[PDB]
Every structure is written in structure tokens, then in C-alpha cells.
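The structure appears below as C-alpha cells.
So basically every Cβ, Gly included, is an ideal-geometry build from the backbone, and we count neighbours across all protein chains shown. Every read-out reported here was derived from the displayed coordinates using simple, explicitly stated rules and does not represent laboratory data.
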Amino acid sequence: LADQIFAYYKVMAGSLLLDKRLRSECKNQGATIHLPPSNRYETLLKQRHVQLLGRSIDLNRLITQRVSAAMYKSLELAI
Amino acid sequence: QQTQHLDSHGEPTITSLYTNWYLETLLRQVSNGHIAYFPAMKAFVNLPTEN
Amino acid sequence: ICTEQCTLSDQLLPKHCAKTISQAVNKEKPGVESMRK
């Protein structure tokens with residue numbers, strides 16, 4: 001879950017900042033840079049007392065740990 | 001001087017020009033129904049209409 | 001001079017890279033004006 005969440009938001013960030021005129025031009029030559037399908041991750045990110053076998057699991061905390069590791073990896077790779 | 005409605009010489013600066021355009025063309029055509037606000041793209045995008 | 005520099009600096013806009021991306025998927029350059037032979 002953490003892996004695909006980070007991938008989804010990285011792709012959305014990259015797609016938001018791409019030149020719009022470039023997308024138009026590419027579509028006009030049949031080389032469309034496809035948009036990323038929308039997805040519903042908001043409800044999962046807000047979970048904080050998931051119940052399993054008598055334990056209360058804070059999903060938000062674990063997702064944050066994995067995503068922060070991924071962000072650090074991305075910055076390191078860029079540099 | 002170009003951040004004010006008019007310059008020190010009483011002439012239209014780019015603040016006024018762009019404000020006038022954004023209200024009297026973009027949002028007008030949005031209210032007509034030829035444009036829509038996509039929160040996905042964080043922009044306004046032409047709808048695929050006849051016009 | 002400012003007109004010339006604007007023409008030079010608008011050739012770096014992303015809108016001019018459509019052909020390259022289309023070629024890369026399906027299948028002049030800046031800095032050449034400053035090469036003094």
C-alpha cells in the first residue's frame with residue numbers, strides 16, 4: 001500500500017507541472033502522454049485505529065514511515 | 001508601477017489588463033458552460049463541446 | 001537586442017520538444033548560433 005501510494009502521488013505531481021501546450025502538441029501527433037488514473041486513497045490515509053485481533057493499528061503512522069523513506073530516497077537519487 | 005491599477009502616468013498596467021481578461025473572458029465563458037474546473041489538474045479545462 | 005534575446009530564449013520552451021517525444025515513442029538545436037567558426 002505504501003509503495004503504490006507514493007508512486008501515485010509522485011506521478012500526479014509530475015503530471016501537474018508538465019507543460020500543457022506540450023501535451024496538446026503531443027496529442028495532435030498521436031503520441032499522447034496519458035494522464036494517471038484517479039484513485040481513492042484518502043480514506044486509507046486517515047485510518048488511525050484499525051482493529052485486528054484485539055490490537056489497534058495506526059495505519060497513518062506506518063504509511064508515513066514508508067513514504068518518508070521513499071522521499072529521502074528520491075532526493076538522494078536526484079542529487 | 002505595474003502592480004497597480006494604473007501607472008504613474010495614468011495608463012493601464014498589466015495588473016488591470018490581466019484582471020479584466022480573467023474576469024470578462026475566462027470566468028464569463030465558464031459561466032456560459034464551455035469550460036469547467038478540474039480539481040484533478042488544478043486548472044480550468046475546455047469541455048469537449050460543439051463550440 | 002532585447003528582441004533578439006527574446007527570440008533566442010523562447011526556443012527553450014517545452015512546446016518545441018513535441019517532435020522528439022513523438023519520434024521516441026512511435027518509432028536548429030540551441031547553442032549552435034553561438035558557435036563561432
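Quick notes on this structure:
- Checked against (1) over 12 Å from the mean Cα position of the chain (by Cα); (2) within 26 Å of C:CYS17 (Cα to Cα); (3) not in a helix (DSSP H, G or I), A:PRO37 passes all but a single condition, namely (1).
- Qualifying positions in segment A:17-55 - within 14 Å of chain C (Cβ to nearest Cβ) and aliphatic (A, V, I, L, M): A:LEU17, A:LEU18, A:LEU22, A:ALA31, A:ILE33
- For segment B:15-32, the criterion of being part of a strand (DSSP E or B) and closer than 24 Å to A:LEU16 by Cβ is met by none of the residues.
- Boolean, B:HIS9 is over 30 Å from A:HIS34 (Cβ atoms) and in contact with a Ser or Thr (Cβ under 7 Å, 6 or more places away or on another chain): no
- Within segment C:1-29, the set of residues being within 14 Å of chain A (Cβ to nearest Cβ) and of a type in the set (A, V, I, L, M, F, W, C) comprises C:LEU12, C:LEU13, C:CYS17, C:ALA18, C:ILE21, C:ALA24, C:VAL25.
- Residue within segment A:19-31 that is over 13 Å from the mean Cα position of the chain (by Cα), exposed (fewer than 10 other Cβ atoms within 10 Å of the Cβ) and small (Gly, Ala, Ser) present: yes
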